[PDB]
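**Student:** just need the structure, nothing else, for what follows:
(chains A and B, ligands or ions: 8)
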There are 2 protein chains.
Amino acid sequence: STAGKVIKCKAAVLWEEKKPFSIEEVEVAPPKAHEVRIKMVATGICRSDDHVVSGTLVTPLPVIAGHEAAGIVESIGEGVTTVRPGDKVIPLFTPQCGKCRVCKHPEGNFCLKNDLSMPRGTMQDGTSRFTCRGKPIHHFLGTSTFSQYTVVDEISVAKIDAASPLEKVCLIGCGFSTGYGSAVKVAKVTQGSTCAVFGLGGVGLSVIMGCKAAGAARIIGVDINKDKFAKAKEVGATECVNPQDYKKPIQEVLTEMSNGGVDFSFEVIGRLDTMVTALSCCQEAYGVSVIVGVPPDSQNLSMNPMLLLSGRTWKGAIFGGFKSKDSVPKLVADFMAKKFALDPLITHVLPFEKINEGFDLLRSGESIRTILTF
Amino acid sequence: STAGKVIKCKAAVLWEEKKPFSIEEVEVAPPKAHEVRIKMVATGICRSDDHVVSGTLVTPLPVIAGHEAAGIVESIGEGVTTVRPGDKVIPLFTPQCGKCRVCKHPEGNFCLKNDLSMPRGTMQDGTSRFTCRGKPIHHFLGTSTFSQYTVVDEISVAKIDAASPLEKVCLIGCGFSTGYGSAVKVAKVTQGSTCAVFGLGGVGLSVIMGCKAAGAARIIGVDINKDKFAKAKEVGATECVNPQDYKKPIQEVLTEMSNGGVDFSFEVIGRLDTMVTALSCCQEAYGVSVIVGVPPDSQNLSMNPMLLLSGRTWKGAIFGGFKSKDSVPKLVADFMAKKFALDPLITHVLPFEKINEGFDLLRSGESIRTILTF
Ligand SMILES: NC(=O)c1ccc[n+]([C@@H]2O[C@H](COP(=O)([O-])OP(=O)([O-])OC[C@H]3O[C@@H](n4cnc5c(N)[nH+]cnc54)[C@H](O)[C@@H]3O)[C@@H](O)[C@H]2O)c1
Ligand SMILES: NC(=O)c1ccc[n+]([C@@H]2O[C@H](COP(=O)([O-])OP(=O)([O-])OC[C@H]3O[C@@H](n4cnc5c(N)[nH+]cnc54)[C@H](O)[C@@H]3O)[C@@H](O)[C@H]2O)c1
Ligand SMILES: OCc1c(F)c(F)c(F)c(F)c1F
Ligand SMILES: OCc1c(F)c(F)c(F)c(F)c1F
Ligand SMILES: [Zn+2]
Ligand SMILES: [Zn+2]
Ligand SMILES: [Zn+2]
Ligand SMILES: [Zn+2]
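**Tutor:** Residues are numbered from 1 along each chain as shown, chains lettered A, B, ... in the order given. Ligands and ions are numbered 1, 2, ... in the order given. What follows is the structure:
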């Protein structure tokens, strides 16, 4: 039995950038007040985890990464009221404190307690629950799901349906909810509209799913890897285009295809150039473009503000605009009610010990989501 | 007595950038099919007219500028159905053809027949109705209101109330409608919100008017000319700040003042740096920033897309987002019913022949709107 005790378990530690994860024993402290210790069941490999490895995202190292996951509560600290031992849960990489001005705002979800903006790599109290070889190890986004056990703040966990298949619903922890919400909530895609989706990975496919759910008449997938096209069409793309096939810039191609610009465009890659291209390809007077991708740290884009003066709307969002703790249980309930599918996103299922192999599949272009099972 | 005939009249011709207007005789051709010839009554001096002089805004020269005006129809070409001789009218620098995809869209106003994006300086048919010293003179935005008579396409004129005071309602042709609409229609400012308005000229004062009308609790005016602050407070600013007074960048100042960022910001100047500052000062998760100012030709801004990824919305608009021909008569009607005031914008009145003095007043910082009377 483990409650109140330090757990020794296996985790994937990233000691420095641009190296493989190291799978080894860590010590996980018990939860303090208002904290929750979770036995992990499944975690997905999101491109944002790879950004930590590549240096695209800067966060304190060494670190236990991972943010798209599901597990079962092992124990709770004093004062926890929203989960109990035995509950199925999804960690929330965007917290929902319920108290800050963002949480109180009808359209805000980027809770001020987040550890994304100015990452500290800690619990809310500024300390870590992880040690490895006698050294403290940083948390990632208050989640750190690449471990058999993690400790999260109560504001960073949601209880979900006890009958949930955790090996599927872990995707509601990041990639599905992000893409789907980006379409249905952030963009507010309309019936009959034309959409362009740049990047056809797990997140972009989820954007397509949302655009189709919203009733878009045309959904144009854009990727430089044509191997991504078949699955994009399966989940709703009406056409796919590879910028490499064209002599002209793809914004011009997409403007021509849409007879003057698309209604909604989405950048779901993480490149400055495609952010500007995506904005440009939406119709100049009434188009909307949503940035979903995470670009390289500290780099600025260049753009002509006449693109906006004519009437375009440019926005971005974290986690599909969803208030995380309110939304995750409902999304799981909707999944259980067959309102959307997750299997199209899952291309590979590997034991947790094969994390590096899972990352290699992503980097090679061969996978959408690999789910790692503990 | 002049129908079908060439009219010789005085106009303000701009032969060269960075030079005074030349008030001299021009020949104004009669209207062709679907054109309207207008005897001008009053025209305002908008900073965008000055941008033509300074080269901020590139349009073919030589030119008759002017776009904020009101007059009386002198004659109509074949097939005109929406105005008649003797009607009071406002020229529409943003046309409303009623047929293009933008005109048909519920939120679009930047009609595809505009001459703003890629100016040709002609009538819709690609020709000019103006001759001076035997030489063809370009139009500006299909309006060319710095002339005793102009000819406009039917899609570029609106009939207004016969009892309208033209020396006031000319401001509905640009500055008032732009600022007011930017707040009430484009931003959709909410009751109780905090707004920041960069630039306290005629357009920014009109933005303040709209924010107040929408029920904003705080309206922070920002200008480097503190002489602008008294009128900004008269029309609704709750506080004014001069960036030059502060050691820190004004986005940081405004974030502090608003306890974490404003709900709505407006760039109403035309500088790349203030466009980025205005975006930054709105709250990172749910803030909205609207670009109103006209940027220097062909220049790109630089910004970090993380400003958007957190949840900000960035947009721009021409003419306050109003569909021009539908909206201008309604705005005039509302003015007549005292639903908004125009006098706070009018600081100087001059005869048309003193146009250059009117521009001097704008450039010195002394005026908001000078109204020229023909
Ligand atoms: N905003 C959020 O909350 C959020 C959530 C999840 C992921 N992300 C980011 O979203 C992005 C996509 O994540 P993912 O779906 O896991 O990644 P992914 O599975 O690597 O998919 C990216 C796709 O982009 C394609 N691609 C690469 N370069 C180009 C190019 N020049 N043009 C067109 N296509 C190109 C690539 O072939 C691939 O199919 C990443 O930057 C993530 O970090 C953001
Ligand atoms: N989008 C449209 O449809 C539209 C319509 C009308 C005007 N405009 C543009 O809107 C802008 C404002 O026009 P206007 O009100 O007639 O001009 P204006 O009267 O010149 O007002 C601009 C104000 O900006 C102030 N200012 C200048 N530099 C700074 C600075 N660095 N920081 C803070 N304040 C500063 C300046 O002191 C002045 O009071 C111009 O760029 C116009 O071209 C756009
Ligand atoms: O994939 C979700 C995700 C993001 F959207 C980020 F902006 C980020 F910094 C990060 F670490 C992350 F995991
Ligand atoms: O002041 C209105 C106005 C604009 F908003 C422009 F973008 C422009 F190019 C122009 F010529 C103009 F007059
Ligand atoms: Zn919060
Ligand atoms: Zn992710
Ligand atoms: Zn039109
Ligand atoms: Zn103007």
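
**Student:** angles on the backbone of residue A:329, please.
**Tutor:** The phi/psi pair for residue A:329 (degrees, to the nearest 10) reads phi -60, psi -40.

**Student:** the closest residue to residue A:344 other than its chain neighbours: neighbour count?
**Tutor:** Leaving out its chain neighbours, the residue that sits closest to residue A:344 by CB to CB, 6 or more residues apart in numbering or on different chains is residue A:235, at 5.2 Å. Where you see a C-beta, it was placed from the backbone N, CA and C, and this is true even at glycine. Residues lying near residue A:235 (other CB atoms under 10 Å in any protein chain shown) number 21.

**Student:** and residue A:235, what does it touch?
**Tutor:** For residue A:235, the contact set (CB atoms under 8 Å, 6 or more residues apart in numbering or on different chains) comprises A:205, A:208-209, A:212, A:341, A:344.

**Student:** same question for residue A:272.
**Tutor:** A:295-296, A:299-301, B:305.

**Student:** what sits closest to residue A:153 if chain neighbours are left out?
**Tutor:** Using CB to CB, 6+ apart, the nearest residue to residue A:153 is residue A:124, at 4.6 Å.

**Student:** contacts only, for that neighbour.
**Tutor:** A:34, A:113, A:142, A:153, A:155 are the contacts of residue A:124 under CB under 8 Å, 6+ apart.

**Student:** just the contacts of residue A:235: which are in helices?
**Tutor:** A:205, A:208-209, A:212 (DSSP state H).

**Student:** wait, does stretch A:92-109 make contact with ligand 6?
**Tutor:** No - Stretch A:92-109 does not reach ligand 6 (CB under 5 Å from the ion); its nearest approach is 7.0 Å.

**Student:** need the CA coordinates for that stretch. PDB is fine.
**Tutor:** Output in PDB follows, covering the C-alpha atoms of stretch A:92-109 (Å, rounded to 0.1, in the frame of the first residue of the first chain):
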ATOM      1  CA  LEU A  92      -5.200  19.200 -17.200                       C
ATOM      2  CA  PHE A  93      -2.200  20.900 -18.700                       C
ATOM      3  CA  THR A  94      -4.200  24.100 -18.600                       C
ATOM      4  CA  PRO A  95      -5.600  24.300 -15.100                       C
ATOM      5  CA  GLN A  96      -9.000  25.700 -14.000                       C
ATOM      6  CA  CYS A  97      -8.600  27.400 -10.700                       C
ATOM      7  CA  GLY A  98     -12.100  28.800 -10.900                       C
ATOM      8  CA  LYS A  99     -11.000  32.000  -9.100                       C
ATOM      9  CA  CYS A 100      -8.900  34.100 -11.500                       C
ATOM     10  CA  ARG A 101     -10.300  36.700 -13.900                       C
ATOM     11  CA  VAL A 102      -9.800  34.300 -16.800                       C
ATOM     12  CA  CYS A 103     -11.600  31.500 -15.100                       C
ATOM     13  CA  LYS A 104     -14.500  33.800 -14.300                       C
ATOM     14  CA  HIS A 105     -14.700  35.200 -17.900                       C
ATOM     15  CA  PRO A 106     -17.200  33.500 -20.200                       C
ATOM     16  CA  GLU A 107     -14.700  33.000 -23.000                       C
ATOM     17  CA  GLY A 108     -11.400  32.700 -21.200                       C
ATOM     18  CA  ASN A 109      -9.700  29.400 -20.600                       C
END
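
**Student:** residues in contact with the helix or strand in which residue A:229 is found?
**Tutor:** Per DSSP states H and E, residue A:229 falls inside helix A:229-234. The contact list for helix A:229-234 (CB under 8 Å, 6+ apart) reads A:197, A:200, A:204-205, A:208, A:221, A:223, A:237, A:240, A:242, A:344, A:368.

**Student:** can we see that at 10 Å?
**Tutor:** A:197, A:200-201, A:204-205, A:208, A:219-223, A:237-242, A:344-345, A:347, A:368 (CB atoms under 10 Å, 6 or more residues apart in numbering or on different chains).

**Student:** near ligand 8, from those?
**Tutor:** Of the contacts of helix A:229-234, not one also sits near ligand 8 (CB under 5 Å from the ion).

**Student:** from these, which land in helices?
**Tutor:** A:204-205, A:208.

**Student:** residue A:205 is in contact with residue A:292, correct?
**Tutor:** No - Residue A:292 is beyond contact range of residue A:205, at 12.0 Å (criterion: CB atoms under 10 Å).

**Student:** list only buried entries from the contacts of residue A:124.
**Tutor:** A:34, A:113, A:142, A:153, A:155 (16 or more other CB atoms under 10 Å in any protein chain shown).

**Student:** pretty sure the last one sits in a helix.
**Tutor:** Yes - with DSSP: H, G, I helix; E, B strand; the rest coil as the criterion, residue A:155 is located in a helix.

**Student:** nearest residue to residue A:343 in space, please, no chain neighbours.
**Tutor:** residue A:168 (7.1 Å).

**Student:** okay, now the one you found: neighbour count?
**Tutor:** 20.

**Student:** for the residue nearest to residue A:243 when sequence neighbours are not counted, give me its contacts.
**Tutor:** Leaving out its chain neighbours, the residue that sits closest to residue A:243 by CB to CB, 6+ apart is residue A:250, at 4.1 Å. Shown in contact with residue A:250 (CB under 10 Å, 6+ apart): A:196, A:198, A:222, A:224, A:241-244, A:257, A:274, A:277-278, A:280-281.

**Student:** then residue A:205?
**Tutor:** So residue A:205 contacts A:175-176, A:179-180, A:197, A:199, A:221, A:228, A:231-232, A:234-237, A:268, A:344-345, A:368-369 (CB under 10 Å, 6+ apart).

**Student:** equivalent analysis for residue A:315, please.
**Tutor:** So residue A:315 contacts A:182, A:186-187, A:288-291, A:321, B:288, B:308-309, B:311-315 (CB under 10 Å, 6+ apart).

**Student:** which ones among those residues come in contact with ligand 3?
**Tutor:** Among these, the ones lying close to ligand 3 by the criterion of CB under 6 Å from any ligand atom are residue B:309.

**Student:** for the contacts of residue A:315, pick the one with the most neighbours.
**Tutor:** Result: residue A:182 is most packed of these (other CB under 10 Å), 33 neighbours.

**Student:** say whether ligand 3 is contacted by the longest strand anywhere in chain A.
**Tutor:** Longest strand of chain A, by residue count under DSSP state E: strand A:35-44. No - between strand A:35-44 and ligand 3, judged by CB under 6 Å from any ligand atom, nothing touches; the nearest distance is 10.0 Å.

**Student:** can you tell if that strand touches ligand 6?
**Tutor:** No - Strand A:35-44 stays clear of ligand 6 (CB under 5 Å from the ion), getting no nearer than 8.0 Å.

**Student:** in the helix or strand that comes right after that strand, what counts as buried?
**Tutor:** Once strand A:35-44 ends, the next helix or strand along the chain (criterion: DSSP H and E) is helix A:47-54. Within helix A:47-54, the residues that count as buried by 16+ other CB under 10 Å are A:47-49, A:51-53.

**Student:** ditto for stretch A:313-330
**Tutor:** A:313-325, A:327-329.

**Student:** before we move on, what about stretch A:186-193?
**Tutor:** A:186-187, A:189-190, A:193.
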